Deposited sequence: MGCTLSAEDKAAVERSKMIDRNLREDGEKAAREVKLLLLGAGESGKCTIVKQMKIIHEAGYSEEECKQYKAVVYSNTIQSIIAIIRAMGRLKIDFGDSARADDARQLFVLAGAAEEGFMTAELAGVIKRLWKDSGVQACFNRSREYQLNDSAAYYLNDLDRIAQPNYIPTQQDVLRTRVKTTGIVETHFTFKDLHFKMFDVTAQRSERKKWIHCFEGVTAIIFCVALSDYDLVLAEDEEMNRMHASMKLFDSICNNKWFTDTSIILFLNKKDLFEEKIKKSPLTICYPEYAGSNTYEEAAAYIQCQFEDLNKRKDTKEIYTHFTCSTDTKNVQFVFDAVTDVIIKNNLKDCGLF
């Protein structure tokens, strides 16, 4: 039975290696990117880094990150979205000035609604990024926003328009308890964006750690 013992010990050793690798993988935070064709701005402006999906290894505050862009997948979203369960947070990059271009905002609304109604990401929050805010001011001086948001009932001030857009995204979050949407207006400085990402990930981790008890 010497060969049986050799096989058993080899299997135990590789099982220990597998357990260590799995623990290491769980020690790394995973994130998912989504949008309406415009995304990856945060990765580009990160200034540093380490195919259907692109994995961009990223570490901040001694915490590893894993962003998997899926904008290159032309198949049905729901069919390859269920395999993304367990991701701490979902990064949603949408261009602010997409309302004028044509229907883009309607497509983004539909995608957000589908994401929030896929009965697969109930326990994972969604991180919202509003891109192209620097262009938004000169895009909005001319456009009254009424074309994309009929009955807006507001002034042309940037503050009110941004508040109303964030209100739109708040309304989509049918479940306001399980998922907490965090929104931040992406800016030129990468420090603020990475700080917001870190804060959102920390909040998600804190929320998850409150559901690992044996009483729930």
{"item": "Stretches of the record's deposited sequence for which the structure holds no C-alpha atoms", "value": "1-5, 56-181, 234-240"}
